[PDB]
file protein-v3.cif (mmCIF, N, CA and C atoms)
data_coords
#
loop_
_atom_site.group_PDB
_atom_site.id
_atom_site.type_symbol
_atom_site.label_atom_id
_atom_site.label_comp_id
_atom_site.auth_asym_id
_atom_site.auth_seq_id
_atom_site.Cartn_x
_atom_site.Cartn_y
_atom_site.Cartn_z
ATOM 1 N N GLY A 1 103.427 109.374 87.182
ATOM 2 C CA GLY A 1 104.631 108.621 87.596
ATOM 3 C C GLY A 1 104.400 108.009 88.952
ATOM 4 N N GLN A 2 105.296 107.119 89.343
ATOM 5 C CA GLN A 2 105.238 106.482 90.654
ATOM 6 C C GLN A 2 105.964 107.332 91.680
ATOM 7 N N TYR A 3 105.308 107.569 92.805
ATOM 8 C CA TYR A 3 105.886 108.290 93.929
ATOM 9 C C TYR A 3 105.805 107.394 95.153
ATOM 10 N N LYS A 4 106.827 107.470 95.993
ATOM 11 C CA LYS A 4 106.938 106.662 97.192
ATOM 12 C C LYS A 4 106.847 107.558 98.422
ATOM 13 N N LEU A 5 106.210 107.029 99.461
ATOM 14 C CA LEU A 5 106.192 107.623 100.794
ATOM 15 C C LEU A 5 106.872 106.665 101.749
ATOM 16 N N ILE A 6 107.896 107.163 102.446
ATOM 17 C CA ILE A 6 108.475 106.466 103.587
ATOM 18 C C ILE A 6 107.817 107.022 104.843
ATOM 19 N N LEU A 7 107.066 106.162 105.533
ATOM 20 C CA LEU A 7 106.446 106.488 106.803
ATOM 21 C C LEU A 7 107.434 106.160 107.906
ATOM 22 N N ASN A 8 107.826 107.185 108.655
ATOM 23 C CA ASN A 8 108.758 107.012 109.752
ATOM 24 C C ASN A 8 108.181 107.642 111.010
ATOM 25 N N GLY A 9 106.984 107.204 111.337
ATOM 26 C CA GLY A 9 106.297 107.655 112.517
ATOM 27 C C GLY A 9 106.687 106.882 113.761
ATOM 28 N N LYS A 10 106.229 107.400 114.903
ATOM 29 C CA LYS A 10 106.426 106.729 116.169
ATOM 30 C C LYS A 10 105.749 105.376 116.190
ATOM 31 N N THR A 11 104.530 105.300 115.663
ATOM 32 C CA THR A 11 103.782 104.049 115.697
ATOM 33 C C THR A 11 103.466 103.486 114.326
ATOM 34 N N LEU A 12 103.651 104.239 113.258
ATOM 35 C CA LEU A 12 103.394 103.743 111.915
ATOM 36 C C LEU A 12 104.656 103.904 111.084
ATOM 37 N N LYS A 13 105.169 102.786 110.581
ATOM 38 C CA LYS A 13 106.384 102.783 109.780
ATOM 39 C C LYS A 13 106.173 101.919 108.549
ATOM 40 N N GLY A 14 106.848 102.269 107.470
ATOM 41 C CA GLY A 14 106.912 101.429 106.297
ATOM 42 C C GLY A 14 106.953 102.293 105.047
ATOM 43 N N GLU A 15 106.448 101.748 103.963
ATOM 44 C CA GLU A 15 106.509 102.412 102.677
ATOM 45 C C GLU A 15 105.253 102.131 101.877
ATOM 46 N N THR A 16 104.842 103.132 101.106
ATOM 47 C CA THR A 16 103.717 102.989 100.202
ATOM 48 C C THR A 16 104.041 103.734 98.925
ATOM 49 N N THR A 17 103.491 103.290 97.821
ATOM 50 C CA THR A 17 103.725 103.956 96.551
ATOM 51 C C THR A 17 102.387 104.227 95.890
ATOM 52 N N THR A 18 102.323 105.285 95.093
ATOM 53 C CA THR A 18 101.134 105.583 94.306
ATOM 54 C C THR A 18 101.555 106.146 92.969
ATOM 55 N N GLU A 19 100.692 105.974 91.970
ATOM 56 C CA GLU A 19 100.789 106.771 90.756
ATOM 57 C C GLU A 19 100.194 108.150 91.021
ATOM 58 N N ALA A 20 100.813 109.186 90.454
ATOM 59 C CA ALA A 20 100.264 110.528 90.519
ATOM 60 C C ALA A 20 100.790 111.304 89.328
ATOM 61 N N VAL A 21 100.005 112.284 88.872
ATOM 62 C CA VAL A 21 100.388 113.033 87.685
ATOM 63 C C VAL A 21 101.647 113.848 87.937
ATOM 64 N N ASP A 22 101.861 114.319 89.167
ATOM 65 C CA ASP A 22 103.033 115.137 89.490
ATOM 66 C C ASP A 22 103.291 115.024 90.983
ATOM 67 N N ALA A 23 104.423 115.588 91.413
ATOM 68 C CA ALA A 23 104.802 115.516 92.816
ATOM 69 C C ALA A 23 103.833 116.274 93.706
ATOM 70 N N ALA A 24 103.273 117.384 93.217
ATOM 71 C CA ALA A 24 102.328 118.141 94.026
ATOM 72 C C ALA A 24 101.112 117.300 94.364
ATOM 73 N N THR A 25 100.663 116.504 93.407
ATOM 74 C CA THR A 25 99.499 115.658 93.615
ATOM 75 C C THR A 25 99.830 114.534 94.580
ATOM 76 N N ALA A 26 100.982 113.895 94.395
ATOM 77 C CA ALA A 26 101.404 112.867 95.329
ATOM 78 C C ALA A 26 101.503 113.422 96.734
ATOM 79 N N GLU A 27 102.056 114.627 96.866
ATOM 80 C CA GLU A 27 102.193 115.239 98.177
ATOM 81 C C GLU A 27 100.842 115.376 98.862
ATOM 82 N N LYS A 28 99.829 115.860 98.136
ATOM 83 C CA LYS A 28 98.525 116.045 98.740
ATOM 84 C C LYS A 28 97.968 114.719 99.203
ATOM 85 N N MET A 29 98.097 113.689 98.379
ATOM 86 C CA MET A 29 97.563 112.378 98.729
ATOM 87 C C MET A 29 98.283 111.784 99.936
ATOM 88 N N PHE A 30 99.611 111.939 99.973
ATOM 89 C CA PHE A 30 100.389 111.374 101.063
ATOM 90 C C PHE A 30 100.164 112.145 102.357
ATOM 91 N N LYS A 31 100.067 113.472 102.293
ATOM 92 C CA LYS A 31 99.788 114.220 103.508
ATOM 93 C C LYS A 31 98.413 113.903 104.054
ATOM 94 N N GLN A 32 97.425 113.742 103.176
ATOM 95 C CA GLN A 32 96.111 113.350 103.657
ATOM 96 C C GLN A 32 96.158 111.975 104.313
ATOM 97 N N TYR A 33 96.875 111.029 103.704
ATOM 98 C CA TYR A 33 97.019 109.692 104.272
ATOM 99 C C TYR A 33 97.696 109.735 105.636
ATOM 100 N N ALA A 34 98.783 110.499 105.750
ATOM 101 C CA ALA A 34 99.493 110.600 107.018
ATOM 102 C C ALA A 34 98.593 111.198 108.076
ATOM 103 N N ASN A 35 97.849 112.247 107.715
ATOM 104 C CA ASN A 35 96.941 112.877 108.661
ATOM 105 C C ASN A 35 95.870 111.901 109.125
ATOM 106 N N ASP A 36 95.311 111.142 108.195
ATOM 107 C CA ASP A 36 94.240 110.219 108.539
ATOM 108 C C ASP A 36 94.743 109.105 109.422
ATOM 109 N N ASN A 37 96.034 108.827 109.393
ATOM 110 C CA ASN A 37 96.630 107.767 110.186
ATOM 111 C C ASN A 37 97.374 108.283 111.405
ATOM 112 N N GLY A 38 97.146 109.546 111.775
ATOM 113 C CA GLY A 38 97.650 110.088 113.021
ATOM 114 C C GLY A 38 99.114 110.431 113.036
ATOM 115 N N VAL A 39 99.728 110.597 111.876
ATOM 116 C CA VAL A 39 101.139 110.940 111.796
ATOM 117 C C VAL A 39 101.269 112.457 111.732
ATOM 118 N N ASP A 40 102.081 113.027 112.625
ATOM 119 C CA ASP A 40 102.348 114.467 112.685
ATOM 120 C C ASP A 40 103.864 114.618 112.705
ATOM 121 N N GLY A 41 104.456 114.784 111.530
ATOM 122 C CA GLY A 41 105.893 114.794 111.426
ATOM 123 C C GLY A 41 106.442 115.817 110.470
ATOM 124 N N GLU A 42 107.750 115.759 110.281
ATOM 125 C CA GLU A 42 108.451 116.616 109.339
ATOM 126 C C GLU A 42 108.603 115.891 108.024
ATOM 127 N N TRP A 43 108.530 116.645 106.943
ATOM 128 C CA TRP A 43 108.467 116.101 105.597
ATOM 129 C C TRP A 43 109.689 116.463 104.778
ATOM 130 N N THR A 44 110.081 115.541 103.914
ATOM 131 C CA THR A 44 111.032 115.827 102.849
ATOM 132 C C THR A 44 110.489 115.264 101.550
ATOM 133 N N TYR A 45 111.014 115.792 100.444
ATOM 134 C CA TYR A 45 110.764 115.266 99.111
ATOM 135 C C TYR A 45 112.052 115.329 98.309
ATOM 136 N N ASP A 46 112.385 114.222 97.661
ATOM 137 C CA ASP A 46 113.570 114.103 96.807
ATOM 138 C C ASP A 46 113.093 113.831 95.387
ATOM 139 N N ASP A 47 113.284 114.798 94.499
ATOM 140 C CA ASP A 47 112.765 114.646 93.156
ATOM 141 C C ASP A 47 113.578 113.651 92.348
ATOM 142 N N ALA A 48 114.824 113.379 92.731
ATOM 143 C CA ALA A 48 115.623 112.415 91.984
ATOM 144 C C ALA A 48 115.090 111.000 92.149
ATOM 145 N N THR A 49 114.608 110.651 93.336
ATOM 146 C CA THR A 49 114.087 109.322 93.634
ATOM 147 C C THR A 49 112.566 109.300 93.770
ATOM 148 N N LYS A 50 111.901 110.441 93.569
ATOM 149 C CA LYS A 50 110.437 110.533 93.644
ATOM 150 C C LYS A 50 109.910 110.030 94.984
ATOM 151 N N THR A 51 110.628 110.370 96.049
ATOM 152 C CA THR A 51 110.363 109.835 97.377
ATOM 153 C C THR A 51 110.081 110.949 98.371
ATOM 154 N N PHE A 52 108.966 110.821 99.056
ATOM 155 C CA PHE A 52 108.626 111.628 100.210
ATOM 156 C C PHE A 52 108.958 110.871 101.477
ATOM 157 N N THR A 53 109.268 111.607 102.548
ATOM 158 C CA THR A 53 109.390 111.007 103.864
ATOM 159 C C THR A 53 108.589 111.838 104.853
ATOM 160 N N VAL A 54 108.025 111.175 105.860
ATOM 161 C CA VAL A 54 107.445 111.842 107.007
ATOM 162 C C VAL A 54 108.007 111.193 108.264
ATOM 163 N N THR A 55 108.566 112.012 109.151
ATOM 164 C CA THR A 55 109.320 111.528 110.307
ATOM 165 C C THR A 55 108.806 112.204 111.556
ATOM 166 N N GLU A 56 108.451 111.401 112.551
ATOM 167 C CA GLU A 56 108.109 111.895 113.891
ATOM 168 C C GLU A 56 109.294 111.790 114.835
#
call {"tool": "encode", "arguments": {"input": "protein-v3.cif", "output": "structure tokens"}}
result
Amino acid sequence: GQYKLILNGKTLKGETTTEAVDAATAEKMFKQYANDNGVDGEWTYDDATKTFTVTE
């Protein structure tokens, strides 16, 4: 399914989407992406909208 990440960092903001087999897989991919881009924030996941957020 399609999962969305809302990036709400101090210096990196926006949205990205990926296909992933499940939310756990999307989470791993999005956390790795956030880490690689210097984002250190708090996370949420909403299963109704398939949306993750990371906020600094």
call {"tool": "select_by_dssp", "arguments": {"input": "protein-v3.cif", "residues": "segment 18-55 of chain A", "states": "strand (DSSP E)", "output": "compact mmCIF listing (two decimals) with N, CA and C atoms, in the coordinates of the input"}}
result
# COMPACT_ATOMS: atom_id res chain seq x y z
N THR A 18 102.32 105.28 95.09
CA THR A 18 101.13 105.58 94.31
C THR A 18 101.56 106.15 92.97
N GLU A 19 100.69 105.97 91.97
CA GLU A 19 100.79 106.77 90.76
C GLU A 19 100.19 108.15 91.02
N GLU A 42 107.75 115.76 110.28
CA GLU A 42 108.45 116.62 109.34
C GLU A 42 108.60 115.89 108.02
N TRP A 43 108.53 116.64 106.94
CA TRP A 43 108.47 116.10 105.60
C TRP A 43 109.69 116.46 104.78
N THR A 44 110.08 115.54 103.91
CA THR A 44 111.03 115.83 102.85
C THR A 44 110.49 115.26 101.55
N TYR A 45 111.01 115.79 100.44
CA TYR A 45 110.76 115.27 99.11
C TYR A 45 112.05 115.33 98.31
N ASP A 46 112.38 114.22 97.66
CA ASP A 46 113.57 114.10 96.81
C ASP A 46 113.09 113.83 95.39
N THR A 51 110.63 110.37 96.05
CA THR A 51 110.36 109.84 97.38
C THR A 51 110.08 110.95 98.37
N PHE A 52 108.97 110.82 99.06
CA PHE A 52 108.63 111.63 100.21
C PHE A 52 108.96 110.87 101.48
N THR A 53 109.27 111.61 102.55
CA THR A 53 109.39 111.01 103.86
C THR A 53 108.59 111.84 104.85
N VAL A 54 108.02 111.18 105.86
CA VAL A 54 107.44 111.84 107.01
C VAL A 54 108.01 111.19 108.26
N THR A 55 108.57 112.01 109.15
CA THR A 55 109.32 111.53 110.31
C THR A 55 108.81 112.20 111.56
call {"tool": "select_by_dssp", "arguments": {"input": "protein-v3.cif", "residues": "chain A", "states": "helix (DSSP H, G or I)", "output": "CSV table (one decimal) with N, CA and C atoms, in the frame of the given file"}}
result
chain,number,residue,atom,x,y,z
A,23,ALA,N,104.4,115.6,91.4
A,23,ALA,CA,104.8,115.5,92.8
A,23,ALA,C,103.8,116.3,93.7
A,24,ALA,N,103.3,117.4,93.2
A,24,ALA,CA,102.3,118.1,94.0
A,24,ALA,C,101.1,117.3,94.4
A,25,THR,N,100.7,116.5,93.4
A,25,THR,CA,99.5,115.7,93.6
A,25,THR,C,99.8,114.5,94.6
A,26,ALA,N,101.0,113.9,94.4
A,26,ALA,CA,101.4,112.9,95.3
A,26,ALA,C,101.5,113.4,96.7
A,27,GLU,N,102.1,114.6,96.9
A,27,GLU,CA,102.2,115.2,98.2
A,27,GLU,C,100.8,115.4,98.9
A,28,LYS,N,99.8,115.9,98.1
A,28,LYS,CA,98.5,116.0,98.7
A,28,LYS,C,98.0,114.7,99.2
A,29,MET,N,98.1,113.7,98.4
A,29,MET,CA,97.6,112.4,98.7
A,29,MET,C,98.3,111.8,99.9
A,30,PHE,N,99.6,111.9,100.0
A,30,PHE,CA,100.4,111.4,101.1
A,30,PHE,C,100.2,112.1,102.4
A,31,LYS,N,100.1,113.5,102.3
A,31,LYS,CA,99.8,114.2,103.5
A,31,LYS,C,98.4,113.9,104.1
A,32,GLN,N,97.4,113.7,103.2
A,32,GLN,CA,96.1,113.4,103.7
A,32,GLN,C,96.2,112.0,104.3
A,33,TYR,N,96.9,111.0,103.7
A,33,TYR,CA,97.0,109.7,104.3
A,33,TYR,C,97.7,109.7,105.6
A,34,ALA,N,98.8,110.5,105.8
A,34,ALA,CA,99.5,110.6,107.0
A,34,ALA,C,98.6,111.2,108.1
A,35,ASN,N,97.8,112.2,107.7
A,35,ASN,CA,96.9,112.9,108.7
A,35,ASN,C,95.9,111.9,109.1
A,36,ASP,N,95.3,111.1,108.2
A,36,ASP,CA,94.2,110.2,108.5
A,36,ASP,C,94.7,109.1,109.4
call {"tool": "residues_around", "arguments": {"input": "protein-v3.cif", "residues": "segment 43-50 of chain A", "least_positions_apart": "2", "cutoff": "6 Å", "atoms": "only N, CA and C atoms", "output": "PDB file with N, CA and C atoms, in the frame of the given file"}}
result
ATOM      1  N   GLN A   2     105.296 107.119  89.343  1.00  0.00           N
ATOM      2  CA  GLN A   2     105.238 106.482  90.654  1.00  0.00           C
ATOM      3  C   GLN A   2     105.964 107.332  91.680  1.00  0.00           C
ATOM      4  N   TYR A   3     105.308 107.569  92.805  1.00  0.00           N
ATOM      5  CA  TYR A   3     105.886 108.290  93.929  1.00  0.00           C
ATOM      6  C   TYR A   3     105.805 107.394  95.153  1.00  0.00           C
ATOM      7  N   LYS A   4     106.827 107.470  95.993  1.00  0.00           N
ATOM      8  CA  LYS A   4     106.938 106.662  97.192  1.00  0.00           C
ATOM      9  C   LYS A   4     106.847 107.558  98.422  1.00  0.00           C
ATOM     10  N   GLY A  41     104.456 114.784 111.530  1.00  0.00           N
ATOM     11  CA  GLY A  41     105.893 114.794 111.426  1.00  0.00           C
ATOM     12  C   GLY A  41     106.442 115.817 110.470  1.00  0.00           C
ATOM     13  N   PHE A  52     108.966 110.821  99.056  1.00  0.00           N
ATOM     14  CA  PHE A  52     108.626 111.628 100.210  1.00  0.00           C
ATOM     15  C   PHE A  52     108.958 110.871 101.477  1.00  0.00           C
ATOM     16  N   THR A  53     109.268 111.607 102.548  1.00  0.00           N
ATOM     17  CA  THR A  53     109.390 111.007 103.864  1.00  0.00           C
ATOM     18  C   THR A  53     108.589 111.838 104.853  1.00  0.00           C
ATOM     19  N   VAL A  54     108.025 111.175 105.860  1.00  0.00           N
ATOM     20  CA  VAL A  54     107.445 111.842 107.007  1.00  0.00           C
ATOM     21  C   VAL A  54     108.007 111.193 108.264  1.00  0.00           C
ATOM     22  N   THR A  55     108.566 112.012 109.151  1.00  0.00           N
ATOM     23  CA  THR A  55     109.320 111.528 110.307  1.00  0.00           C
ATOM     24  C   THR A  55     108.806 112.204 111.556  1.00  0.00           C
TER      25      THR A  55
END
call {"tool": "atom_distance", "arguments": {"input": "protein-v3.cif", "atom1": "atom CA of residue 42 of chain A", "atom2": "atom CA of residue 1 of chain A"}}
result
23.5 Å
call {"tool": "resolve_selection", "arguments": {"input": "protein-v3.cif", "expression": "the PyMOL selection byres (((chain A and resi 18 and name CA) around 12) and name CA)", "output": "MDAnalysis selection string"}}
result
chainID A and resid 1:6 15:17 19:23 25:30 33 50:52
call {"tool": "atom_distance", "arguments": {"input": "protein-v3.cif", "atom1": "atom CA of residue 31 of chain A", "atom2": "atom C of residue 13 of chain A"}}
result
14.7 Å
call {"tool": "atom_distance", "arguments": {"input": "protein-v3.cif", "atom1": "atom CA of residue 7 of chain A", "atom2": "atom C of residue 24 of chain A"}}
result
17.3 Å
call {"tool": "build_atoms", "arguments": {"input": "protein-v3.cif", "residues": "segment 11-25 of chain A", "atoms": "N, CA, C and O atoms", "output": "mmCIF file, in the coordinates of the input"}}
result
data_model
loop_
_atom_site.group_PDB
_atom_site.id
_atom_site.type_symbol
_atom_site.label_atom_id
_atom_site.label_comp_id
_atom_site.auth_asym_id
_atom_site.auth_seq_id
_atom_site.Cartn_x
_atom_site.Cartn_y
_atom_site.Cartn_z
ATOM 1 N N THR A 11 104.530 105.300 115.663
ATOM 2 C CA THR A 11 103.782 104.049 115.697
ATOM 3 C C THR A 11 103.466 103.486 114.326
ATOM 4 O O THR A 11 103.059 102.331 114.243
ATOM 5 N N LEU A 12 103.651 104.239 113.258
ATOM 6 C CA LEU A 12 103.394 103.743 111.915
ATOM 7 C C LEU A 12 104.656 103.904 111.084
ATOM 8 O O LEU A 12 105.160 105.020 110.926
ATOM 9 N N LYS A 13 105.169 102.786 110.581
ATOM 10 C CA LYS A 13 106.384 102.783 109.780
ATOM 11 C C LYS A 13 106.173 101.919 108.549
ATOM 12 O O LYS A 13 105.429 100.950 108.591
ATOM 13 N N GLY A 14 106.848 102.269 107.470
ATOM 14 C CA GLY A 14 106.912 101.429 106.297
ATOM 15 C C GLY A 14 106.953 102.293 105.047
ATOM 16 O O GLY A 14 107.442 103.414 105.071
ATOM 17 N N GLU A 15 106.448 101.748 103.963
ATOM 18 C CA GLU A 15 106.509 102.412 102.677
ATOM 19 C C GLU A 15 105.253 102.131 101.877
ATOM 20 O O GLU A 15 104.671 101.052 101.968
ATOM 21 N N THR A 16 104.842 103.132 101.106
ATOM 22 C CA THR A 16 103.717 102.989 100.202
ATOM 23 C C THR A 16 104.041 103.734 98.925
ATOM 24 O O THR A 16 104.784 104.699 98.927
ATOM 25 N N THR A 17 103.491 103.290 97.821
ATOM 26 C CA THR A 17 103.725 103.956 96.551
ATOM 27 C C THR A 17 102.387 104.227 95.890
ATOM 28 O O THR A 17 101.422 103.491 96.091
ATOM 29 N N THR A 18 102.323 105.285 95.093
ATOM 30 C CA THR A 18 101.134 105.583 94.306
ATOM 31 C C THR A 18 101.555 106.146 92.969
ATOM 32 O O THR A 18 102.633 106.712 92.834
ATOM 33 N N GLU A 19 100.692 105.974 91.970
ATOM 34 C CA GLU A 19 100.789 106.771 90.756
ATOM 35 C C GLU A 19 100.194 108.150 91.021
ATOM 36 O O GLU A 19 99.177 108.271 91.716
ATOM 37 N N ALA A 20 100.813 109.186 90.454
ATOM 38 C CA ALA A 20 100.264 110.528 90.519
ATOM 39 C C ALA A 20 100.790 111.304 89.328
ATOM 40 O O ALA A 20 101.910 111.067 88.872
ATOM 41 N N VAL A 21 100.005 112.284 88.872
ATOM 42 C CA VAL A 21 100.388 113.033 87.685
ATOM 43 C C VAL A 21 101.647 113.848 87.937
ATOM 44 O O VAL A 21 102.420 114.088 87.001
ATOM 45 N N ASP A 22 101.861 114.319 89.167
ATOM 46 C CA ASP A 22 103.033 115.137 89.490
ATOM 47 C C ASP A 22 103.291 115.024 90.983
ATOM 48 O O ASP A 22 102.507 114.421 91.724
ATOM 49 N N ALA A 23 104.423 115.588 91.413
ATOM 50 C CA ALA A 23 104.802 115.516 92.816
ATOM 51 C C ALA A 23 103.833 116.274 93.706
ATOM 52 O O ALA A 23 103.583 115.848 94.833
ATOM 53 N N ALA A 24 103.273 117.384 93.217
ATOM 54 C CA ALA A 24 102.328 118.141 94.026
ATOM 55 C C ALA A 24 101.112 117.300 94.364
ATOM 56 O O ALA A 24 100.570 117.353 95.484
ATOM 57 N N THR A 25 100.663 116.504 93.407
ATOM 58 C CA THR A 25 99.499 115.658 93.615
ATOM 59 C C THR A 25 99.830 114.534 94.580
ATOM 60 O O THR A 25 99.055 114.249 95.500
#
